[PDB]
Each structure stands twice: as C-alpha cells, then as structure tokens.
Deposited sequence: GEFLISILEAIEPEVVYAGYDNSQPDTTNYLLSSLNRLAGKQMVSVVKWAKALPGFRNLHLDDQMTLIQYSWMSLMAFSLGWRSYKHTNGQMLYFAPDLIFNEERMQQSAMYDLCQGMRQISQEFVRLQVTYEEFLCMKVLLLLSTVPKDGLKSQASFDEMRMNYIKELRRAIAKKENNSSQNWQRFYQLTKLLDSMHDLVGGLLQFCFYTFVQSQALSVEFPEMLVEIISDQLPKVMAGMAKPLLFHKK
C-alpha cells in the first residue's frame, strides 16, 4: 500500500520547452537543461510533500533534505527515463530534449553525461523494476544529511527504515537471492554520491559565473543553489551509506 502510494504520487513527465530551431551551443544546451531543472524542481517538491512521513519532519529538515539531494533525485530519474526509453543509449532529459552523441559533445560536459548514462546502464544490467526504482528514489531524498544532525532525527530515522523495508518488499524467491539483490541495489544507491559530487561541482561553477558564461539558471534553482552552495562548500553535509 505504501508502494501503491508511491506509484500514485510519482510526478508526471516534465517537458523542457526546448526550441530545436536554435543552435545547440554549450550556452543554450546548459541554459535549456537548467530551465528543465527548474520545472522538475516544482515536481520534486510537490512529490516530497506527498511522501508518507515527510510532512512529519520539521520544516527546516524538509528544506535541508531537498536542497542536499535534488541533484541526486533528478540524475536518478534521468537514469530511469533513459533506461525505459532508450535502453541506456541516450540521455532522456525530457521528451523534447534527448541528448545524443552530438549534444553530449557540444554540452562541454561529455564526461558527466557518460557518468549519468552509466547509471542508466546499471538499471539495464540489473533490470531494475519500477517498484524498486520508486523505493530507491525515496531513499535518495533521505541519504544526504547535515553532519550536525536533523531537528527530527527520530522521525527521520523511522521514515528511512520504513522505506528501506519497503525496498526489500519490492525485492521479494530465495532469501540469499533477495539479499544479493539488496546488496546490488544499495551499491547503486551509494554510487550516486561520487557522481553527484561531479554534477554539483560543474553546477556550482557555472552558477557562480552564470552571467559571464551566459549560462542561465531559473529563479526556482537560483534560490536553492544560493543557499546550498556555501553549506556544501563548508562541508556541512554527509552521506548515509549502505556499504563500506
């Protein structure tokens, strides 16, 4: 039933509003992706608020969690869309904005694009189910926390365990087989941290020199990155890993 709720609140597809009549310069591609991000952010917040248990957390905890994990959430969903739509061959940012080889090249971030595509390829290798995907996604929202703790730790800890339990539910044949599956899926979750570190680095860099580099960011994103950046730079956040 918790999973049925996840399927119900899963956001609808978000379009980039991209104009293919324009040249695909790095400036336009990145500004276009950031505009898409702003629209996705709206969907993400509405989603977080509908998650059983999220509301129970303090308002500052809800805000902190979203700002620390939005990049992981969007990159993870990107991996899923790319998996279901292109079997991991292209990056399906949006129905109207699919990144092929040419776009990855002109984006100036080919390496990050391949890092994101690798997530999609892991979905392929593991044949991740929609249910596993949904549970894993919630876990990402709950896997980057303040080193000094949350105001609703008890509630947070409770919520996290419930969703981890839900994941094992989605996973469940043989017990050892289920254990192996949990091992593999959580390895994928842990792998998001290093990827996101690279995504955020380029995000903060272009954000800081937005005007100079002509890379536009919507206000929906500017507000969040403005506050998040110093917190991350100061090293206030830590990951909640599943493996050594």
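Visitor: What are the unmodelled segments when the structure is compared with the full deposited sequence, in sequence order?
Guide: Residues missing from the model, as numbered along the full deposited sequence, span 1-2, 175-177, 250.
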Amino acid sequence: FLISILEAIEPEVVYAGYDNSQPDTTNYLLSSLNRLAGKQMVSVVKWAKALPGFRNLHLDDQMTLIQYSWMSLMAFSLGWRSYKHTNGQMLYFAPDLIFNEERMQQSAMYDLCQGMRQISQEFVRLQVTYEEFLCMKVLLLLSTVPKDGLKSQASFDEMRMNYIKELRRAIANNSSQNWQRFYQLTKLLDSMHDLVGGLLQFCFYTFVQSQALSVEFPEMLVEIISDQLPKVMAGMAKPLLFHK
From here on, numbers count along this sequence of modelled residues.
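Visitor: Quick check on the record: does 65-73 or 50-58 carry the larger mean Cα temperature factor?
Guide: That would be 50-58.
Visitor: Decide which of the stretches 131-139 and 83-91 has the higher mean C-alpha B-factor, going by the entry.
Guide: Stretch with the higher mean C-alpha B-factor: 83-91.
Visitor: Please work out which residue in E158, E122, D96, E102 has the highest C-alpha B-factor recorded for this crystal structure.
Guide: That would be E158, according to the entry.
Visitor: How does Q118 rank on Cα B-factor within its chain, lowest, middle or highest third?
Guide: CA B-factor rank for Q118: middle third.
Visitor: In terms of the CA temperature factor given in the entry, to which third of its chain does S175 belong: lowest, middle or highest?
Guide: Tercile = highest for this residue's CA B-factor.
Visitor: Name the third of the chain's ranked CA B-factors that contains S21, choosing lowest, middle or highest.
Guide: Middle third of the chain for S21's C-alpha B-factor.
Visitor: Lowest, middle or highest third of the chain for the C-alpha temperature factor of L200?
Guide: Lowest third of the chain for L200's C-alpha B-factor.
Visitor: Which third, lowest, middle or highest, does the CA B-factor of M109 fall in along this chain?
Guide: Lowest third, going by the recorded CA B-factors of the chain.
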